[PDB]
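**Student:** One structure is given below, represented as structure tokens, and several questions about it will come after.
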Amino acid sequence: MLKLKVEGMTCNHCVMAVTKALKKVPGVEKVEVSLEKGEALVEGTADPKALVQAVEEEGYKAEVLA
């Protein structure tokens with residue numbers, strides 16, 4: 001399961017937008033995005049580069065912890 005560090009989500013609205021945004025990546029199946037931990041776990045086989053990209057596209061800042 002891939003590990004991502006998200007920075008800027010300070011509302012549930014942010015988290016849900018980002019949740020779906022990460023799921024748009026070819027290879028994602030399930031994800032778990034917090035609002036207090038600044039994390040966005042991925043259960044799918046997608047690549048971290050393609051994952052972080054989808055969050056950065058929403059105007060937030062993200063980085064993998066792989």
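Chain labels A, B, ... are given in the sequence in which chains occur in the structure tokens; within each chain residues are numbered consecutively from 1, and ligands are likewise numbered from 1 in the order shown.
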Can you list, as number ranges by chain, every protein, DNA or RNA residue that comes within 10 Å of residue 63 of chain A when you count only C-alpha atoms, leaving out same-chain residues fewer than 5 positions away?
**Tutor:** A: 3-7, 39, 48-49, 51-53, 55-56
**Student:** Could you write out that same residue set with C-alpha atoms as a short mmCIF file (atom, residue, chain, number, x, y, z; two decimals), in the first residue's frame?
**Tutor:**
```cif
data_model
loop_
_atom_site.label_atom_id
_atom_site.label_comp_id
_atom_site.auth_asym_id
_atom_site.auth_seq_id
_atom_site.Cartn_x
_atom_site.Cartn_y
_atom_site.Cartn_z
CA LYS A 3 2.09 6.18 1.34
CA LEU A 4 1.50 9.85 0.49
CA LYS A 5 1.93 13.02 2.54
CA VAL A 6 -0.66 15.67 1.67
CA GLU A 7 -0.33 19.25 2.90
CA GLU A 39 -2.00 11.11 4.73
CA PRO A 48 3.28 7.33 -6.76
CA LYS A 49 4.25 9.84 -9.47
CA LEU A 51 -0.86 9.63 -7.61
CA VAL A 52 0.84 12.82 -6.29
CA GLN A 53 0.12 14.45 -9.70
CA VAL A 55 -3.43 15.85 -5.79
CA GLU A 56 -1.15 18.65 -7.10
#
```
**Student:** Neighbouring residues of residue 8 of chain A were defined as those with any atom within 10 Å, considering only C-alpha atoms; residues of the same chain fewer than 3 positions away were excluded. Please report them as a ChimeraX atom specification.
**Tutor:** /A:11,14-15,35,38,59-62
**Student:** Looking only at the backbone, which of the residues in segment 12-43 of chain A does DSSP tag as strand (DSSP E or B), as number ranges by chain?
**Tutor:** A: 31-33, 39-42
**Student:** So that I have them on file, write out the residues from the current selection with N, CA, C and O atoms, as an mmCIF file, in the first residue's frame.
**Tutor:**
```cif
data_model
loop_
_atom_site.group_PDB
_atom_site.id
_atom_site.type_symbol
_atom_site.label_atom_id
_atom_site.label_comp_id
_atom_site.auth_asym_id
_atom_site.auth_seq_id
_atom_site.Cartn_x
_atom_site.Cartn_y
_atom_site.Cartn_z
ATOM 1 N N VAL A 31 -8.569 3.713 -1.510
ATOM 2 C CA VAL A 31 -7.750 4.738 -0.908
ATOM 3 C C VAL A 31 -8.332 5.078 0.466
ATOM 4 O O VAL A 31 -9.502 4.765 0.716
ATOM 5 N N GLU A 32 -7.557 5.730 1.333
ATOM 6 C CA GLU A 32 -7.967 6.163 2.663
ATOM 7 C C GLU A 32 -7.259 7.494 2.897
ATOM 8 O O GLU A 32 -6.036 7.525 3.067
ATOM 9 N N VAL A 33 -8.008 8.596 2.869
ATOM 10 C CA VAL A 33 -7.479 9.939 3.054
ATOM 11 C C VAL A 33 -8.029 10.538 4.346
ATOM 12 O O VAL A 33 -9.248 10.604 4.551
ATOM 13 N N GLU A 39 -2.388 12.312 5.451
ATOM 14 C CA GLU A 39 -2.004 11.108 4.729
ATOM 15 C C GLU A 39 -3.090 10.709 3.730
ATOM 16 O O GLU A 39 -4.272 11.012 3.935
ATOM 17 N N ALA A 40 -2.678 9.997 2.675
ATOM 18 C CA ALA A 40 -3.533 9.505 1.606
ATOM 19 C C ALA A 40 -3.055 8.131 1.135
ATOM 20 O O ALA A 40 -2.372 7.994 0.121
ATOM 21 N N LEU A 41 -3.403 7.104 1.891
ATOM 22 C CA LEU A 41 -3.022 5.719 1.604
ATOM 23 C C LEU A 41 -3.706 5.249 0.323
ATOM 24 O O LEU A 41 -4.855 5.627 0.061
ATOM 25 N N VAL A 42 -3.033 4.400 -0.455
ATOM 26 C CA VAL A 42 -3.522 3.838 -1.706
ATOM 27 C C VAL A 42 -3.353 2.321 -1.629
ATOM 28 O O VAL A 42 -2.256 1.826 -1.365
#
```
**Student:** Just to confirm, what's the straight-line distance from atom CA of residue 2 of chain A to atom CA of residue 43 of chain A in Å (one decimal)?
**Tutor:**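 These two atoms are separated by 6.8 Å.
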**Student:** With a distance cut-off of 8 Å and only C-alpha atoms, select the neighbouring residues of residue 28 of chain A, excluding the residue or stretch itself and same-chain residues fewer than 2 positions from it, and output the selection as JSON, numbers by chain.
**Tutor:** {"A": [22, 23, 24, 25, 26, 30, 31, 42, 43, 44, 45, 46]}
**Student:** Quick check, in Å to one decimal: how far apart do atom CA of residue 1 of chain A and atom CA of residue 13 of chain A lie?
**Tutor:**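 That distance, rounded to one decimal, is 23.9 Å.
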